[PDB]
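First, one chain by itself: the form deposited in one PDB entry, in structure tokens.
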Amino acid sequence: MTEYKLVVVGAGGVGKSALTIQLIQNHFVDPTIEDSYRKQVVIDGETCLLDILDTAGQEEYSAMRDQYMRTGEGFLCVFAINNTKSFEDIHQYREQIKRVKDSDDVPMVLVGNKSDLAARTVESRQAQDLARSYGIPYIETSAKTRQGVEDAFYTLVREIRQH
């Protein structure tokens, strides 16, 4: 069976775990433990197996994180739309992924999470522009309402398929 190795990266607190648990278990929810989840799904008719690594356990740029990240095929790069720092951080996360995969074109999607919360501090247009300047998709999402959550992950699989 076709497996898709996915990795969820981004600043602590943006909703990585909430997005993953919503995708896998269909409900909304330890920010230090790092682990992988699996689930058999059908995407565009293809029955397949997602293997999802939920990163945590310190900002980033330890070799330990790379030891975990290196096995990933595609990356879900998440920020929170009310946390400007988490959005600035995407540049670094993207750089770290390119270095660990030793590639200039790694399957990746930008995810603006916490779409249910108002008074956003990152406008959609700006995030759409970042994704476009990177040549990757942008999906907005809420781990809380589930809006956009399948679109974000399934989109990542479609990027893996096309690379």
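Residue numbers here begin at 1 and follow the sequence given. Take the two forms, find the largest set of C-alpha atoms that superpose within 1.5 Å, and that set is the rigid core.
The discussion below concerns the form deposited in another entry, not included here.
- Examine residue 15 after superposing the rigid core and state whether its CA is displaced by 2 Å or more between the shown form and the other one. It does, since the residue 15 C-alpha is displaced 2 Å or more between the shown form and the other one after the core fit.
- Large Cα move at residue 95 between the shown form and the other one, threshold 2 Å, rigid core: No, because once the rigid core is superposed, the C-alpha of residue 95 moves less than 2 Å between the shown form and the other one.
- Query: Comparing between the shown form and the other one on the rigid core, is the C-alpha shift at residue 48 2 Å or larger?
  - Reply: No, shifts by less than 2 Å.
- Message: Given that the shift is 3 Å or more, do the Cα atoms of residue 23 and residue 35 end up closer or farther apart in that other deposited form than in this form?
- Response: They are closer; the C-alpha distance drops by 3 Å or more in that other deposited form.
- Task: Pin down for me whether the residue 60-residue 96 Cα distance shrinks or grows in that other deposited form relative to this form (closer or farther, change of 3 Å or more).
- Result: They are farther apart; the C-alpha distance rises by 3 Å or more in that other deposited form.
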